[PDB]
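Each remark here refers to the structure printed beneath this line.
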Amino acid sequence: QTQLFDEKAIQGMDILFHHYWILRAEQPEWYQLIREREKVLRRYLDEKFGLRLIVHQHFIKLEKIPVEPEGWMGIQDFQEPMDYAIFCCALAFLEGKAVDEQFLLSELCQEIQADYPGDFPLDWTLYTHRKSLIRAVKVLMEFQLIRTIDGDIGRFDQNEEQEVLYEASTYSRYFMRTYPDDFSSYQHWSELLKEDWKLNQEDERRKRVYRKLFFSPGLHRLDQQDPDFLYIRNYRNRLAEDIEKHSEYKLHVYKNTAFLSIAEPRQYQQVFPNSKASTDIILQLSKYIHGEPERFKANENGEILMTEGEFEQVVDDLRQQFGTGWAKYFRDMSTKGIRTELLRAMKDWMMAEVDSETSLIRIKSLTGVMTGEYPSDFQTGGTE
Amino acid sequence: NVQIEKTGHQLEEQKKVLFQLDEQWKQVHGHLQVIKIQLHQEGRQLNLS
Amino acid sequence: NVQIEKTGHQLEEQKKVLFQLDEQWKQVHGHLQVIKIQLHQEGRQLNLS
Amino acid sequence: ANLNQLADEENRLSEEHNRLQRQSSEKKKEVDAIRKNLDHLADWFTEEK
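Chains A, B, C and D supply the protein sequences, listed in that same order. Note that my numbering gives residue 286 to position 274 of the first sequence, counting from 1, and the numbers run on in steps of one. Note that my numbering gives residue 37 to position 9 of the second sequence, counting from 1, and the numbers run on in steps of one. Note that my numbering gives residue 65 to position 37 of the third sequence, counting from 1, and the numbers run on in steps of one. Note that my numbering gives residue 1486 to position 4 of the fourth sequence, counting from 1, and the numbers run on in steps of one.
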C-alpha cells in the first residue's frame, strides 16, 4: 500500500487549513478521506512545516500555530478581550461538567461570575456583558462543545432571566492542544514560542519560512538585509517547484515581499478580494497610490509613507472620483470613520500598519501588487 | 425612507454620545486602574488582604 | 429642516444632560450640607475651625 | 494610612465608574436596539419596494 500526494491530499490539507478542526459526526466523508491520506500528510507536515497533527476517533484538528500571531488570526466574531475571558471561563465550566451532563444557562452564568479571576467584577445585569456571553456561547455551540435545544439565548439578549437547557458534549475535553509543563511556568505568552521552537530546532529556518508563507497571505521583508528574506531567495526556486507539485498556489517574489497567490478558491475558502466593499476601496486606494509613485515615494523597504492627514485627503479625493459608485454606507460616513475602518481592515490583511504615535502610514508592497477600477463606461458616467 | 433617515441620524447622534460616554468611562477606568495598581502594589508586601 | 430637526433632537439630548447634571448638583449639595452639619457638630464640642 | 487614602479614592472611583459603566451600557442597549430595529425595518423597506 503506497499512497501519493494527489488532488485528495491537497483537498484534505485545504479542508484542515480553512477550518479550525473537522468533526466526524458532520463531515464523515471528509474525515475518512483525510484519514486515508493521513499517513502521507503527517510525514509531509513534518517534512515541510514540522507541525503536528493529531487524528483520533471523533475529530481531526491541525494545530495551525503561527510564527507571530496577528489580529486577524483570532476568532473574529469576538470583539473584546472580555469575550475571550468569558470564553476561557466557559471552558473552565465545561471542565466542571461530566460528559453528556446537562446544565442550565443560568448555572453557567453563575459559575462563570463566581470563578471569573479578574480584579474587576463581571455583572450579568448589563446588556454588553450579556452580549459578550451570548457571542461566546454561539462560538461554543459552533464547535459542538455544547449542544443546545430548548429556547434561544437570543431572548436572553433582552431578558437576562431567560433560560435554555444545554448539554455538555464530549469534545470539550479534547478542544485545546496540550501544554506539557506546569502551565504556570509559562509566565508570559512569549514563552510558548520558545517551546514550539525548542521543538523545531532542526532546520528551524525552513519550517519558519513555510509557516510564515502558508499562513499569511504574504510575507513582508523586515529590512534591506533581512536574513530570512535572503534565505527565501536561496530556496525560492525549489519552493516554486514544490508548490506547483503540491498546491493551488503560484509563487511570487519581489525585492521587499514574497507571497503565495491562489488560482481557484472554493466555497469554503477565504480570499482577497471578496464581497466586502472595503476591499474595493482598498484597491481603489492602491491604484491611486500606484498613480503617484513620486509624490508617495516608495521607500527602500517597498513601503509607501503617508500621514493621517495625507490619508484623509486621499480618502476625500477617492470619494470624489469613485465615491459615486460606493455603497451608501461609506458614501454616508465621515472621512475619519472611513479612515479608521479602512486602516483596521488593511491591518487585518497585513497591507499596512498605522504607527500609533507618529501617525505614519506604512503601505507594504503587497498592497501594490493589485489595483482596481470601475468599468470605463460607468467611470465616464459617474465622474468622467 | 423618511423614518429610516431620521432614525439613522438619531442613531448616529446616539453613537457619538455613547462614544463620548465610553471615553469618559475609560478615562475613569484608567484613573481607577492606576489607583488599584498603586494600592495593591504598595500594600503588596504586607501579609494582609 | 433636517438640520432643524437634528438640532431639536440635540436640544433634547443637552436638556437631558443638563437635567441629570443639575440632579447630581442638588444631590451633591444635599450630601455636602449633611457633611457640613456633621463636621460642625463634631467641631462645636471644642475650639476648632 | 496612605493606603487607606488610596482605598477611599478607589471606592469613590469604583462607584462613579460603575455608574458610568451602567449608563454607557444603557446607551449601548439603546443604540443596539435602534440599530436592530432600523436594520429589520430597512430590509422590510427593501421588501416593500
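We put the CB at the ideal spot given by N, CA and C, even for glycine.
Contact the stretch 232 to 239 of chain A vs the stretch 305 to 319 of chain A: 3+ CB pairs below 8 Å: yes
Going by beta carbon distance, what residues of the same chain come within less than 8 Å of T137/A, once the five residues before and after it are set aside? The count along the first sequence starts at 1 and reaches residue 137/A at position 125. Correct list, in chain order: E172.
Going by DSSP, what residue range makes up the alpha helix (DSSP H) through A1524/D? Position 42 of the fourth sequence, counted from the first residue, corresponds to residue 1524/D. Note, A1524/D: alpha helix (DSSP H), 1484 to 1530.
Alpha carbon of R159/A to alpha carbon of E179/A, nearest angstrom: Position 147 of the first sequence, counted from the first residue, corresponds to residue 159/A. Position 167 of the first sequence, counted from the first residue, corresponds to residue 179/A. Looking at the two C-alpha atoms, the distance is approximately 5 Å.
At least one CB of chain B closer than 8 Å to the CB of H1522/D: is that the case? Within the fourth sequence, numbered from 1, the residue matching residue 1522/D stands at position 40. By this cut-off, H1522/D is not an interface position.
Could you work out which residues of chain B lie near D131/A, taking near to mean beta carbons separated by less than 7 Å? On the first sequence, position 119 is the one that residue 131/A refers to. Ordered by position in chain B, the residues that pass the 7 Å Cβ test against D131/A are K64.
Below-8 Å beta-carbon distance, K1510/D vs any chain B residue: Numbered from its first residue, the fourth sequence carries residue 1510/D at position 28. Interface residue, yes.
Quick one: is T370/A buried, meaning 16 or more other Cβ sit within 10 Å of its Cβ, or exposed? Locating residue 370/A in the first sequence gives position 358, counting from the first residue. Looking at its Cβ environment, which holds fewer than 16 other Cβ atoms inside 10 Å, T370/A is exposed.
Quick one: which residues of the stretch 1488 to 1519 of chain D get their C-beta closer than 9 Å to a C-beta of chain B? List them in chain order. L1488, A1489, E1491, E1492, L1495, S1496, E1498, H1499, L1502, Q1503, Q1505, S1506, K1509, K1510, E1512, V1513, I1516, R1517, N1519
Name the DSSP bridge partner or partners of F271/A? Here residue 271/A refers to the residue found at position 259 of the first sequence. Checking the DSSP bridge columns, you'll see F271/A partnered with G230/A, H264/A.
Within chain D, partners of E70/B - CB distance below 7 Å: Indexing the second sequence from 1 puts residue 70/B at position 42. Under the 7 Å cutoff, chain D gives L1485.
Going by other Cβ atoms of all chains shown within 10 Å of its Cβ, with 16 needed for buried, is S287/A buried or exposed? For the purposes of this step, residue 287/A is taken as residue 275 along the first sequence, with counting starting at 1. So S287/A counts as exposed.
Report the residue ranges of all alpha helix (DSSP H) runs contained in full by the stretch 314 to 349 of chain A; include only those spanning at least 4 residues, in chain order. 320 to 333, 340 to 343
With a 10 Å radius around its C-beta and 16 neighbouring C-beta atoms as the bar for buried, classify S273/A as buried or exposed. The sequence position of residue 273/A within the first sequence is 261, counting from 1. Burial call: exposed.
Tell me, please, whether the CB atom of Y139/A is closer than 8 Å to any CB atom in chain D? Translated into the one-based positions of the first sequence, residue 139/A becomes position 127. It does; some Cβ of chain D falls within 8 Å.
Could you have a look at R159/A and say whether DSSP puts it in helix, strand or coil? Here residue 159/A refers to the residue found at position 147 of the first sequence. In the structure shown, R159/A sits in a strand (DSSP, three-state: E or B).
So is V56/B in contact with chain C if we call contact Cβ pairs under 8 Å? Locating residue 56/B in the second sequence gives position 28, where the first residue counts as 1. So, not an interface residue.
Beta-carbon separation of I373/A and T336/A under 8 Å? For this step, residue 373/A is matched to residue 361 along the first sequence. For this step, residue 336/A is matched to residue 324 along the first sequence. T336/A is positioned such that its CB atom lies no closer than 8 Å to that of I373/A.
Can you tell me whether DSSP reads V67/A as helix, strand or coil? The residue labelled residue 67/A in the question sits at position 55 within the first sequence. Here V67/A sits in strand by DSSP.
Hey, quick one: how far does the beta strand (DSSP E) through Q31/B stretch, first residue to last? The residue you call residue 31/B lines up with position 3 of the second sequence. DSSP places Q31/B in no beta strand (DSSP E) but in the uninterrupted alpha helix (DSSP H) bounded by 30 to 70.
Within the continuous beta strand (DSSP E) that includes residue 397/A, where are the two ends? A query on residue 397/A cannot be resolved here, the shown segment of chain A reaching from 13 to 396 and no further.
Euclidean distance between Cα positions of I46/A and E19/A: By 1-based counting over the first sequence, the position of residue 46/A is 34. By 1-based counting over the first sequence, the position of residue 19/A is 7. Those two C-alpha atoms are separated by around 12 Å.
Straight-line CA distance for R250/A to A21/A? As a first step, residue 250/A is located in the first sequence; it is residue number 238 there, counting from the start. As a first step, residue 21/A is located in the first sequence; it is residue number 9 there, counting from the start. Roughly 20 Å separates the two Cα atoms.
Three or more C-beta pairs closer than 8 Å, one from the stretch 80 to 92 of chain A and one from the stretch 350 to 363 of chain A: is that the case here? yes
Beta-carbon gap between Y96/A and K1510/D smaller than 8 Å: Taking the first sequence and counting its residues from 1, one reaches residue 96/A at position 84. Taking the fourth sequence and counting its residues from 1, one reaches residue 1510/D at position 28. No; because the gap between Cβ atoms is not below 8 Å, this pair is not in contact.
Please check the pair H141/A and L134/A, which I expect to be a contact at CB under 8 Å, by giving their CB distance rounded to whole angstroms. The residue you call residue 141/A lines up with position 129 of the first sequence. The residue you call residue 134/A lines up with position 122 of the first sequence. With 8 Å as the limit, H141/A and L134/A qualify as a contact, their Cβ atoms being about 6 Å apart.
Leaving out the 5 sequence neighbours to the left and right, which residues in its chain are closer than 6 Å to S144/A when beta-carbon positions are compared? Within the first sequence, numbered from 1, the residue matching residue 144/A stands at position 132. Only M94, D95, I98 meet the Cβ criterion.
Just verifying my parser: in three-state terms, what is the DSSP assignment at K73/A? Working through the first sequence from its first residue, we reach residue 73/A at position 61. Residue state, collapsed to three classes: strand.
Those residues which DSSP pairs with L372/A across a bridge: Within the first sequence, the letter at position 360 stands for residue 372/A. According to DSSP, which records beta bridges pairwise, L372/A is partnered with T319/A.
Tell me which residues of the stretch 37 to 57 of chain B have at least one Cβ-Cβ distance to chain C shorter than 9 Å, keeping chain order. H37, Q38, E41, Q42, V45
Considering only the alpha carbon of each residue, which of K206/A, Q156/A, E113/A lies closest to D193/A? For the purposes of this step, residue 193/A is taken as the residue at position 181 of the first sequence. Taking only the C-alpha atoms, the option nearest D193/A is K206/A.
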